[PDB]
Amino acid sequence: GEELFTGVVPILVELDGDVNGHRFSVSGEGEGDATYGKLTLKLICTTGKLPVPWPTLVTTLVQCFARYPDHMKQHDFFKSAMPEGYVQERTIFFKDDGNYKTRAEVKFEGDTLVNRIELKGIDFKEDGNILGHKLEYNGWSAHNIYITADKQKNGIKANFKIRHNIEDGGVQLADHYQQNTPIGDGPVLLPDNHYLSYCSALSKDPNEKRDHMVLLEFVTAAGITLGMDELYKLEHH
């Protein structure tokens, strides 16, 4: 399963990071409702002031919660790897600035879906948009991520661009390169090329004195075209 995701699944997130030698940790909790492709997380910096802007960590801080419609359940790598889980690796290249490399284990510990993350960031400018805290606390446009099979690694990859609004104008580009491989050696689903469509909101909890982010994601799988959706439906029956 797949079976493991039919109700509301609690989430735990832990991230240990180092960006230009500035060490920090993030812990969060929440839940996901994969039947409708919705998740919510509240995430806290446990070491004081987060040395990067929260929006740059959104992508790093559980694609197993995307709604795959019934006719596409055969293309859901993320849930097929469960419960043993998957490793999600990225490099995020910030244009005219440094990069994050991240490695995460996404897996069930008991009945809780866990995202345990190591992040290392290098070659950042201290007065740049990231280390200088020059990005709006704010999300970005709804958009699609193209997921392709990586038959070699027995998983999937994607690359995509995130655009972070700079305070007072302009955009900081963040070029994501992603690969996922399963942790176990049970069967997993290698999918067709398809999209995940993302919408999300960043908020604050007004009662929380710690440095934190509230994150809501709504995530749905879709064929490359409506024609493919029609094929998927027809083959379903």
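All residue numbers refer to positions in the sequence shown, first residue = 1.
- Going from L61 to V62, the model skips 1 to 3 deposited residues, which lack coordinates.
- When the two stretches 181-189 and 196-204 are set side by side, the higher mean Cα temperature factor goes to 181-189.
- Stretches 216-224 and 17-25 differ in mean C-alpha B factor, with the higher average recorded for 17-25.
- Highest CA B-factor among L119, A149, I145, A142, as stated in the entry: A149.
- The maximum CA B-factor among the listed residues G30, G37, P53, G170, taken from the PDB record, is found at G170.
- When the CA B factors of the chain's modelled residues are split into thirds, the value for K209 lands in the highest one.
- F124 sits in the highest third of its chain by CA B factor, as recorded in the PDB entry.
- Looking at the C-alpha B-factors along this chain, the one for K79 belongs to the lowest third.
- Ranked by C-alpha B-factor against the other modelled residues of its chain, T102 falls in the lowest third.
- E136: CA B factor in the highest third of modelled residues in this chain (values from the PDB entry).
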